[PDB]
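S.K.: You'll find coords.cif just under this line, and it carries mmCIF, C-alpha atoms and all ligand atoms.
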```cif
data_protein
#
loop_
_atom_site.label_atom_id
_atom_site.label_comp_id
_atom_site.auth_asym_id
_atom_site.auth_seq_id
_atom_site.Cartn_x
_atom_site.Cartn_y
_atom_site.Cartn_z
CA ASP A 36 2.34 42.12 67.36
CA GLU A 37 3.02 39.06 65.09
CA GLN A 38 -0.82 38.55 64.82
CA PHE A 39 -0.95 41.54 62.39
CA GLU A 40 1.93 40.12 60.25
CA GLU A 41 -0.39 37.07 59.76
CA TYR A 42 -3.21 39.43 58.55
CA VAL A 43 -0.77 40.94 55.95
CA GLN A 44 0.32 37.46 54.64
CA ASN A 45 -3.47 36.74 54.27
CA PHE A 46 -4.07 40.11 52.52
CA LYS A 47 -1.14 39.82 50.01
CA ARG A 48 -2.32 36.26 49.15
CA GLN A 49 -6.04 37.19 48.79
CA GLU A 50 -4.85 39.97 46.44
CA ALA A 51 -2.89 37.54 44.20
CA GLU A 52 -5.84 35.00 44.09
CA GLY A 53 -8.16 37.88 43.05
CA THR A 54 -5.91 39.40 40.30
CA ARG A 55 -5.34 35.81 39.00
CA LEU A 56 -9.13 35.24 38.92
CA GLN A 57 -9.55 38.54 37.01
CA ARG A 58 -6.84 37.49 34.51
CA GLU A 59 -8.41 34.05 33.90
CA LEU A 60 -11.97 35.55 33.77
CA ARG A 61 -10.72 38.07 31.12
CA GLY A 62 -9.18 35.06 29.32
CA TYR A 63 -12.48 33.17 29.41
CA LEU A 64 -14.46 36.24 28.10
CA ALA A 65 -12.00 36.96 25.27
CA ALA A 66 -12.29 33.27 24.11
CA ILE A 67 -16.18 33.58 24.16
CA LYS A 68 -15.81 36.67 21.95
CA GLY A 69 -13.57 34.42 19.76
CA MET A 70 -16.12 31.54 19.46
CA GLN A 71 -18.97 33.99 18.83
CA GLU A 72 -17.22 35.72 15.84
CA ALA A 73 -15.83 32.34 14.47
CA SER A 74 -19.29 30.76 14.69
CA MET A 75 -20.77 33.87 12.94
CA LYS A 76 -18.27 33.59 10.01
CA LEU A 77 -19.33 29.90 9.66
CA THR A 78 -23.06 30.80 9.53
CA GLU A 79 -22.32 33.64 7.03
CA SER A 80 -20.59 31.26 4.53
CA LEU A 81 -23.78 29.07 4.79
CA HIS A 82 -25.88 32.15 3.84
CA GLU A 83 -23.59 32.66 0.76
CA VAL A 84 -23.95 28.98 -0.43
CA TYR A 85 -27.81 29.09 -0.32
CA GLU A 86 -28.86 31.59 -3.14
CA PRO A 87 -31.67 32.01 -4.40
CA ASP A 88 -33.74 30.41 -1.50
CA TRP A 89 -34.34 26.64 -0.99
CA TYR A 90 -36.22 24.45 1.63
CA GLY A 91 -36.24 27.10 4.45
CA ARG A 92 -33.94 30.16 4.23
CA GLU A 93 -36.20 31.99 6.77
CA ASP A 94 -35.50 29.21 9.30
CA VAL A 95 -31.67 29.52 8.67
CA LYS A 96 -31.35 33.33 8.87
CA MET A 97 -33.49 33.29 12.11
CA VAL A 98 -31.29 30.50 13.72
CA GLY A 99 -28.08 32.30 12.74
CA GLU A 100 -29.54 35.57 14.01
CA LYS A 101 -30.61 34.54 17.50
CA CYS A 102 -27.40 32.42 17.89
CA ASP A 103 -25.38 35.63 17.70
CA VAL A 104 -27.80 37.31 20.17
CA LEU A 105 -27.27 34.44 22.73
CA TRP A 106 -23.41 34.74 22.41
CA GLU A 107 -23.73 38.59 22.51
CA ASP A 108 -25.94 38.67 25.67
CA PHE A 109 -24.02 35.83 27.52
CA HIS A 110 -20.64 37.73 27.06
CA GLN A 111 -22.24 41.03 28.21
CA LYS A 112 -23.96 39.45 31.31
CA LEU A 113 -20.51 38.16 32.33
CA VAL A 114 -18.92 41.59 31.63
CA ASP A 115 -21.64 43.67 33.49
CA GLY A 116 -22.08 40.95 36.17
CA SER A 117 -19.31 38.74 37.56
CA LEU A 118 -16.40 40.71 35.93
CA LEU A 119 -17.53 44.15 37.19
CA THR A 120 -18.22 42.64 40.71
CA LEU A 121 -14.65 41.27 40.69
CA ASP A 122 -13.15 44.63 39.49
CA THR A 123 -14.88 46.65 42.27
CA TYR A 124 -13.81 43.95 44.86
CA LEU A 125 -10.14 44.31 43.69
CA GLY A 126 -10.39 48.11 43.81
CA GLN A 127 -10.50 47.78 47.65
CA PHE A 128 -6.90 46.56 47.73
CA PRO A 129 -4.66 49.59 46.62
CA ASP A 130 -5.89 51.83 49.49
CA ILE A 131 -5.49 49.05 52.15
CA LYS A 132 -1.96 48.51 50.60
CA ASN A 133 -0.92 52.18 51.27
CA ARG A 134 -2.28 52.10 54.82
CA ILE A 135 -0.41 48.80 55.72
CA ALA A 136 2.84 50.60 54.73
CA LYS A 137 1.83 53.91 56.52
CA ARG A 138 1.12 52.01 59.81
CA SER A 139 4.53 50.16 59.53
CA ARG A 140 6.38 53.54 59.50
CA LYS A 141 4.04 54.98 62.21
CA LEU A 142 5.05 51.92 64.29
CA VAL A 143 8.80 52.82 63.92
CA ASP A 144 8.11 56.50 64.92
CA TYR A 145 6.11 55.21 67.97
CA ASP A 146 8.96 52.84 69.00
CA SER A 147 11.60 55.58 68.44
CA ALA A 148 9.56 58.17 70.48
CA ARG A 149 9.02 55.50 73.19
CA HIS A 150 12.76 54.30 73.40
CA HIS A 151 13.57 58.00 74.10
CA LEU A 152 12.38 56.96 77.73
CA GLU A 153 16.12 57.10 78.68
CA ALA A 154 15.45 60.87 79.06
CA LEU A 155 13.41 60.00 82.24
CA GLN A 156 16.33 57.83 83.59
CA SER A 157 18.83 60.53 84.89
CA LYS A 161 16.30 65.06 84.47
CA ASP A 162 15.22 68.16 82.38
CA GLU A 163 11.40 68.54 82.94
CA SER A 164 10.97 70.88 79.86
CA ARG A 165 12.54 68.13 77.57
CA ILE A 166 10.54 65.22 79.27
CA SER A 167 7.23 67.03 78.66
CA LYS A 168 8.40 67.88 75.10
CA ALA A 169 9.12 64.14 74.49
CA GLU A 170 5.72 63.23 76.13
CA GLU A 171 3.89 65.49 73.60
CA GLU A 172 5.86 63.72 70.75
CA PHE A 173 5.25 60.19 72.23
CA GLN A 174 1.51 60.70 72.93
CA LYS A 175 1.19 62.20 69.38
CA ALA A 176 3.04 59.15 67.87
CA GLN A 177 0.86 56.71 69.91
CA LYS A 178 -2.45 58.35 68.74
CA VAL A 179 -1.28 58.38 65.05
CA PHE A 180 -0.16 54.67 65.13
CA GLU A 181 -3.34 53.54 66.91
CA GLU A 182 -5.54 55.45 64.35
CA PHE A 183 -4.04 53.35 61.43
CA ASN A 184 -3.65 50.13 63.50
CA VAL A 185 -7.22 50.03 65.06
CA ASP A 186 -8.87 50.23 61.55
CA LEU A 187 -6.69 47.61 59.79
CA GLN A 188 -6.89 45.12 62.78
CA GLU A 189 -10.65 45.01 61.92
CA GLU A 190 -10.51 45.44 58.04
CA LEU A 191 -7.88 42.73 57.24
CA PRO A 192 -9.63 39.68 58.98
CA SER A 193 -13.01 41.19 57.77
CA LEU A 194 -11.91 41.17 54.07
CA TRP A 195 -10.40 37.62 54.42
CA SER A 196 -13.74 36.33 55.79
CA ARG A 197 -15.83 37.57 52.77
CA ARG A 198 -13.15 35.89 50.52
CA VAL A 199 -14.52 32.27 50.71
CA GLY A 200 -18.09 33.34 49.85
CA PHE A 201 -16.79 35.78 47.21
CA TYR A 202 -15.16 33.15 44.91
CA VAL A 203 -18.20 30.91 45.63
CA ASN A 204 -20.70 33.60 44.46
CA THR A 205 -18.61 34.47 41.34
CA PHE A 206 -18.52 30.84 40.07
CA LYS A 207 -22.19 30.35 41.00
CA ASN A 208 -23.32 33.24 38.74
CA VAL A 209 -20.85 32.18 35.96
CA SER A 210 -21.91 28.44 35.90
CA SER A 211 -25.60 29.58 35.90
CA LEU A 212 -25.09 31.97 32.93
CA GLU A 213 -23.15 29.17 31.10
CA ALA A 214 -25.92 26.60 31.81
CA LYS A 215 -28.72 28.89 30.52
CA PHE A 216 -26.58 29.79 27.39
CA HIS A 217 -25.55 26.17 26.51
CA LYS A 218 -29.10 24.82 27.17
CA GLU A 219 -30.61 27.51 24.93
CA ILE A 220 -28.05 27.35 22.04
CA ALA A 221 -28.38 23.48 21.92
CA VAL A 222 -32.00 24.04 20.85
CA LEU A 223 -31.07 26.58 18.11
CA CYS A 224 -28.33 24.19 16.84
CA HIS A 225 -30.94 21.38 16.66
CA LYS A 226 -33.30 23.63 14.60
CA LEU A 227 -30.43 24.21 12.11
CA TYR A 228 -29.90 20.41 11.81
CA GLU A 229 -33.69 19.91 11.24
CA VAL A 230 -33.62 22.54 8.42
CA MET A 231 -30.56 20.79 6.86
CA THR A 232 -32.29 17.38 6.92
CA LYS A 233 -35.28 19.02 5.17
CA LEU A 234 -32.93 19.95 2.30
CA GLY A 235 -31.02 16.62 1.98
CA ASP B 36 -17.30 25.32 -27.17
CA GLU B 37 -18.42 28.14 -24.77
CA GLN B 38 -20.37 25.48 -22.73
CA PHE B 39 -17.02 24.25 -21.29
CA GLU B 40 -15.94 27.85 -20.35
CA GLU B 41 -19.14 27.87 -18.18
CA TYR B 42 -17.98 24.60 -16.47
CA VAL B 43 -14.59 26.29 -15.64
CA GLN B 44 -16.28 29.44 -14.15
CA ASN B 45 -18.33 26.95 -12.00
CA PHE B 46 -15.18 24.99 -11.03
CA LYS B 47 -13.03 28.06 -10.07
CA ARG B 48 -15.97 29.36 -7.95
CA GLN B 49 -16.69 25.99 -6.24
CA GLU B 50 -12.96 25.91 -5.39
CA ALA B 51 -13.04 29.38 -3.72
CA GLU B 52 -16.27 28.52 -1.73
CA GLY B 53 -14.56 25.31 -0.50
CA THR B 54 -11.19 26.87 0.53
CA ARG B 55 -13.19 29.68 2.27
CA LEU B 56 -15.25 27.04 4.14
CA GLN B 57 -12.00 25.30 5.18
CA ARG B 58 -10.56 28.62 6.42
CA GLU B 59 -13.68 29.49 8.46
CA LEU B 60 -13.98 25.87 9.77
CA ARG B 61 -10.30 26.05 10.91
CA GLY B 62 -11.21 29.41 12.52
CA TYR B 63 -14.17 27.86 14.35
CA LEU B 64 -12.04 24.87 15.61
CA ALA B 65 -9.17 27.08 16.81
CA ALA B 66 -11.69 29.23 18.82
CA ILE B 67 -13.16 25.98 20.41
CA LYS B 68 -9.60 25.05 21.42
CA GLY B 69 -9.44 28.61 22.88
CA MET B 70 -12.67 28.31 24.95
CA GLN B 71 -11.71 24.83 26.16
CA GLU B 72 -8.28 25.94 27.56
CA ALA B 73 -9.73 29.29 28.94
CA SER B 74 -12.58 27.41 30.65
CA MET B 75 -10.01 24.90 32.08
CA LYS B 76 -7.86 27.73 33.59
CA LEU B 77 -11.07 29.08 35.23
CA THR B 78 -11.93 25.66 36.76
CA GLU B 79 -8.28 25.23 37.92
CA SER B 80 -8.30 28.54 39.90
CA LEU B 81 -11.53 27.22 41.60
CA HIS B 82 -9.60 24.04 42.61
CA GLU B 83 -6.86 26.29 44.15
CA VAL B 84 -9.38 28.39 46.22
CA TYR B 85 -11.02 25.26 47.79
CA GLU B 86 -8.28 23.69 50.09
CA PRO B 87 -8.62 21.54 52.31
CA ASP B 88 -12.05 20.13 51.09
CA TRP B 89 -15.50 21.68 51.82
CA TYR B 90 -19.18 20.82 50.89
CA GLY B 91 -18.35 18.61 47.83
CA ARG B 92 -14.84 18.74 46.28
CA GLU B 93 -15.49 15.31 44.63
CA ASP B 94 -18.49 16.84 42.79
CA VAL B 95 -16.31 19.82 41.59
CA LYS B 96 -13.25 17.85 40.36
CA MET B 97 -15.63 15.42 38.50
CA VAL B 98 -17.58 18.35 36.81
CA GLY B 99 -14.34 20.09 35.83
CA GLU B 100 -12.95 16.78 34.58
CA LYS B 101 -15.76 15.68 32.27
CA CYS B 102 -16.20 19.31 31.03
CA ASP B 103 -12.71 19.13 29.54
CA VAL B 104 -13.53 15.68 28.07
CA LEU B 105 -16.68 17.11 26.30
CA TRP B 106 -14.62 20.05 24.81
CA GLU B 107 -11.77 17.58 23.94
CA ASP B 108 -14.06 15.04 22.15
CA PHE B 109 -16.27 17.73 20.39
CA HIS B 110 -13.10 19.41 18.85
CA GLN B 111 -11.70 16.00 17.76
CA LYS B 112 -15.05 14.81 16.21
CA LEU B 113 -15.01 18.00 14.13
CA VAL B 114 -11.31 17.48 13.21
CA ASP B 115 -11.68 13.71 12.30
CA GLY B 116 -15.19 14.27 10.82
CA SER B 117 -16.33 17.36 8.93
CA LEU B 118 -12.80 18.93 8.59
CA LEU B 119 -11.14 15.77 7.17
CA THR B 120 -14.16 15.24 4.79
CA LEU B 121 -13.68 18.84 3.58
CA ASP B 122 -9.86 18.40 3.15
CA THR B 123 -10.24 15.23 1.01
CA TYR B 124 -13.04 16.98 -1.06
CA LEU B 125 -10.65 19.95 -1.73
CA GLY B 126 -7.81 17.56 -2.64
CA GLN B 127 -9.80 16.73 -5.84
CA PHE B 128 -9.23 20.24 -7.19
CA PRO B 129 -5.39 20.55 -7.93
CA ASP B 130 -5.42 17.62 -10.42
CA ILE B 131 -8.59 18.87 -12.24
CA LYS B 132 -6.81 22.33 -12.31
CA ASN B 133 -3.76 20.90 -14.22
CA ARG B 134 -5.97 19.03 -16.69
CA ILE B 135 -8.15 22.15 -17.49
CA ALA B 136 -4.88 23.93 -18.49
CA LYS B 137 -3.50 20.83 -20.39
CA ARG B 138 -6.75 20.55 -22.48
CA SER B 139 -6.60 24.35 -23.29
CA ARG B 140 -3.12 23.90 -24.87
CA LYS B 141 -4.19 20.58 -26.55
CA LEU B 142 -7.07 22.62 -28.06
CA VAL B 143 -4.57 25.15 -29.60
CA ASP B 144 -2.41 22.28 -31.05
CA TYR B 145 -5.63 20.70 -32.50
CA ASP B 146 -6.71 24.04 -34.07
CA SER B 147 -3.16 24.69 -35.40
CA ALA B 148 -2.91 21.12 -36.90
CA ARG B 149 -6.43 21.57 -38.37
CA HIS B 150 -5.84 25.14 -39.90
CA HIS B 151 -2.88 23.51 -41.75
CA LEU B 152 -5.80 22.29 -44.13
CA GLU B 153 -4.49 24.93 -46.62
CA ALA B 154 -1.98 22.17 -47.55
CA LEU B 155 -4.94 20.29 -49.21
CA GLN B 156 -5.97 23.50 -51.13
CA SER B 157 -3.33 23.62 -54.01
CA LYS B 161 -0.68 19.15 -53.63
CA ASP B 162 2.20 17.04 -52.08
CA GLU B 163 0.60 13.68 -50.99
CA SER B 164 3.60 12.76 -48.69
CA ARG B 165 3.12 16.10 -46.73
CA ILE B 166 -0.78 15.78 -46.64
CA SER B 167 -0.53 12.29 -45.09
CA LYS B 168 2.21 13.59 -42.72
CA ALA B 169 -0.15 16.42 -41.61
CA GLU B 170 -3.06 13.87 -41.33
CA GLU B 171 -0.98 11.76 -38.88
CA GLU B 172 -0.26 15.00 -36.84
CA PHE B 173 -3.96 16.17 -37.01
CA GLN B 174 -5.49 12.77 -36.10
CA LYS B 175 -2.90 12.52 -33.25
CA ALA B 176 -3.82 16.06 -32.01
CA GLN B 177 -7.58 15.25 -32.24
CA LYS B 178 -7.23 12.00 -30.17
CA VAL B 179 -5.07 13.79 -27.50
CA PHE B 180 -7.54 16.76 -27.16
CA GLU B 181 -10.60 14.47 -27.04
CA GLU B 182 -8.92 12.26 -24.32
CA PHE B 183 -8.65 15.34 -21.94
CA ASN B 184 -11.92 16.98 -23.13
CA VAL B 185 -14.23 13.86 -22.90
CA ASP B 186 -13.26 13.29 -19.18
CA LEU B 187 -13.60 16.92 -17.98
CA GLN B 188 -16.95 17.46 -19.89
CA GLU B 189 -18.30 14.76 -17.47
CA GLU B 190 -16.20 15.56 -14.27
CA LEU B 191 -16.84 19.36 -14.08
CA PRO B 192 -20.76 19.30 -14.09
CA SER B 193 -20.51 16.07 -11.92
CA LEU B 194 -18.43 17.84 -9.19
CA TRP B 195 -20.72 20.97 -9.30
CA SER B 196 -23.79 18.74 -8.72
CA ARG B 197 -22.39 17.12 -5.48
CA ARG B 198 -21.57 20.72 -4.30
CA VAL B 199 -25.09 21.65 -3.00
CA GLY B 200 -25.43 18.44 -0.95
CA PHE B 201 -21.79 18.71 0.18
CA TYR B 202 -22.14 22.04 2.09
CA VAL B 203 -25.54 20.76 3.34
CA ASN B 204 -24.00 17.53 4.80
CA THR B 205 -21.04 19.44 6.38
CA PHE B 206 -23.30 21.87 8.31
CA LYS B 207 -25.69 19.04 9.23
CA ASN B 208 -22.92 17.05 10.99
CA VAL B 209 -21.46 20.27 12.57
CA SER B 210 -24.84 21.57 13.99
CA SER B 211 -25.54 18.02 15.33
CA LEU B 212 -22.14 17.77 17.10
CA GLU B 213 -22.70 21.33 18.51
CA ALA B 214 -26.24 20.45 19.73
CA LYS B 215 -25.09 17.25 21.53
CA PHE B 216 -22.07 19.18 23.08
CA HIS B 217 -24.09 22.26 24.26
CA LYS B 218 -26.99 20.07 25.56
CA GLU B 219 -24.55 17.90 27.52
CA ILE B 220 -22.29 20.69 28.94
CA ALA B 221 -25.43 22.66 30.12
CA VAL B 222 -26.10 19.75 32.50
CA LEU B 223 -22.49 19.69 33.86
CA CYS B 224 -22.63 23.52 34.33
CA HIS B 225 -25.88 23.11 36.30
CA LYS B 226 -24.25 20.47 38.58
CA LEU B 227 -21.45 22.99 39.34
CA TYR B 228 -24.08 25.64 40.28
CA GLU B 229 -25.87 23.08 42.56
CA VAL B 230 -22.53 22.31 44.33
CA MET B 231 -21.90 26.09 44.76
CA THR B 232 -25.36 26.65 46.30
CA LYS B 233 -24.60 23.79 48.72
CA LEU B 234 -21.59 25.80 49.96
CA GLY B 235 -23.24 29.27 50.20
K K A 301 -20.93 40.32 16.75
K K A 302 -22.53 26.63 12.96
K K A 303 -6.68 20.19 27.29
K K A 304 -16.49 27.62 34.56
#
```
Output the structure of this file as structure tokens.
M.R.:
Amino acid sequence: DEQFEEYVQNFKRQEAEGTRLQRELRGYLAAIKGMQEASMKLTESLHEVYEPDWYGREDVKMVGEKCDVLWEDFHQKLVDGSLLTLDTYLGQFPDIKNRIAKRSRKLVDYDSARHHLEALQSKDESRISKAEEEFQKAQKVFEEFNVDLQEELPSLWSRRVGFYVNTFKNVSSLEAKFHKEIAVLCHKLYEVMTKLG
Amino acid sequence: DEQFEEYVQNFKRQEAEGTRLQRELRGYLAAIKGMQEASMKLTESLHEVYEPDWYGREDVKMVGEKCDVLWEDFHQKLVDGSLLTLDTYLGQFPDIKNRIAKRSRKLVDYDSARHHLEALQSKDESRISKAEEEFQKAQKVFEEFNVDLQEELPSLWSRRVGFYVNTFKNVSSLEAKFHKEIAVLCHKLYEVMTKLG
């Protein structure tokens, strides 16, 4: 009885952790959009202070071009990857929410239909059998909602540990390939600057 | 005469390019502060979803720690380096601005004192000599402002090309060392995640 109240405390928590992760992942993606655009303004002012063309304009426009492409693709891979995966995972929660509440009421109706056992503690056989049909009906409805959730709540909580683990794995790996690749483009820009000065 | 008007058009432009570069460099630094804090929130939610301690918490807290240090130091090196250098360079402009205007008026006073040559086209010797003292005085004042600026305006415009060049050199080099170093820390996080899953 109290074992299910423990599954609810675990569900309501797992839901908060997940919506918090979505918030902070939307915060991280917005900031990446912010450094991309801010970095692009900086490269554009360089392109203005370079006319006509001196000591490698073709190796400045190319660097500035594929830098924007790296930022552009990295943001999108996080949007279409780890953010979408987290949205679909959180979409599981509103239906389970409605059913946890439905079961709770179906439990009251079961316990009210059951406590009406005073009827068979006199008896009117036509009213006993009428109450039996309303008790058996209440027991089958409660057990339909309860049987499913008793499985689904500890089964969602189990895939929780490996869910946060897989999200951060794919994020850190997209980061690593973006930072390792942009570091090279940044170095090419430096090497073109040293050619000038 | 018109050669100095060309030095002013070059000064007023060089001032706009510089204030624009400061704007866009303050934009780039603000966004870096934004990705640092957003990345830190993301690592903090990981630290929450990790209790008690499993498959390397000491190699997650360390990664998250020195990631913040890289972001922290990179932002500061741009603040104390290339942004300060650009602020001090732009601080040269308001005084030169005041003197370009001062000279322009001193030129009118010179030309008004000079055009008063009609006095020696009759003559009153006491009024000629009085006008001479006011013409010679106006010529020495104009030439004091003009001689300096005739040097200082093409001398500031010359250090312009190599100024933007040195700013972007130091920026791209701080970027490159930050991105190359964070790419390694990001990879360590991935390697600790794979250990778990
Ligand atoms: K863009
Ligand atoms: K840049
Ligand atoms: K901080
Ligand atoms: K991260």
S.K.: Calculated over only C-alpha atoms, which of the candidates A:201, A:110, A:186, A:129 has the smallest distance to residue 46 (chain A)?
M.R.: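 Once distances to residue 46 (chain A) are computed over only C-alpha atoms, the minimum belongs to A:129.
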S.K.: Show me which residues line ligand K 301 (chain A), defined as having an atom within 10 Å of a ligand atom where all atoms listed in the file count, and present them as a ChimeraX atom specification.
M.R.: /A:68-69,71-76,103-104,106-107
S.K.: Give me, as a PyMOL selection string, the contact residues of chain B against chain A at a cut-off of 6 Å, counting only C-alpha atoms.
M.R.: chain B and resi 59+62-63+66+69-70+73-74+77+207+210+214+217-218+221+224-225+228+231
S.K.: Please determine the residues with any atom at most 8 Å from (1.8, 57.0, 61.3) (coordinates as given in the file, with only C-alpha atoms counting) and report them as an NGL selection string.
M.R.: :A and (137-142 or 144 or 176 or 179-180 or 183)
S.K.: Between CA of residue 171 (chain B) and CA of residue 151 (chain B), what is the distance in Å, rounded to a tenth?
M.R.: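 About the pair CA of residue 171 (chain B) and CA of residue 151 (chain B): they are 12.2 Å apart.
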S.K.: What is the CA of residue 182 (chain B) to CA of residue 145 (chain B) distance in Å?
M.R.: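 Between these atoms lies a distance of 12.2 Å.
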S.K.: Between B:99, B:192, B:126, B:116, which residue has the minimum interatomic distance to ligand K 303 (chain A), considering only C-alpha atoms and all ligand atoms?
M.R.: B:99
S.K.: May I ask for the distance between CA of residue 54 (chain A) and CA of residue 125 (chain A), given in Å to one decimal place?
M.R.: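 Computed distance, CA of residue 54 (chain A) to CA of residue 125 (chain A), equals 7.3 Å.
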S.K.: Report as a PyMOL selection string all protein, DNA and RNA residues lying within 12 Å of residue 36 (chain B), evaluated on all atoms listed in the file, omitting residues in the same chain fewer than 4 positions from it.
M.R.: chain B and resi 40-43+139+142+184+188
S.K.: I need the chosen residues saved as a compact mmCIF listing (two decimals), in the coordinates of the input, with C-alpha atoms.
M.R.:
```
# COMPACT_ATOMS: atom_id res chain seq x y z
CA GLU B 40 -15.94 27.85 -20.35
CA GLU B 41 -19.14 27.87 -18.18
CA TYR B 42 -17.98 24.60 -16.47
CA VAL B 43 -14.59 26.29 -15.64
CA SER B 139 -6.60 24.35 -23.29
CA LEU B 142 -7.07 22.62 -28.06
CA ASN B 184 -11.92 16.98 -23.13
CA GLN B 188 -16.95 17.46 -19.89
```
S.K.: Quick one: 6 Å padding each side, axis-aligned, all listed atoms of region 37-44 of chain B - centre and edge lengths in Å to one decimal, as lines of an AutoDock Vina configuration file?
M.R.:
```
center_x = -17.5
center_y = 26.8
center_z = -19.5
size_x = 17.8
size_y = 17.2
size_z = 22.6
```
S.K.: My list of candidates is A:39, A:98, A:114, A:166. Which is closest to residue 185 (chain A) when distances are computed with only C-alpha atoms?
M.R.: A:39
S.K.: Determine the nearest neighbour of ligand K 304 (chain A) from the options B:147, B:193, B:102, B:111, counting all atoms listed in the file.
M.R.: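 Using all atoms listed in the file, the shortest distance to ligand K 304 (chain A) belongs to B:102.
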S.K.: Give the answer as one residue: which of B:174, B:168, B:136, B:113 has the shortest atom-to-atom distance to ligand K 302 (chain A), using only C-alpha atoms and all ligand atoms?
M.R.: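 Nearest to ligand K 302 (chain A): B:113.
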S.K.: A:117, A:197, A:100, A:127: which is nearest ligand K 304 (chain A), counting all atoms listed in the file?
M.R.: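 With all atoms listed in the file as the atom set, the closest residue is A:117.
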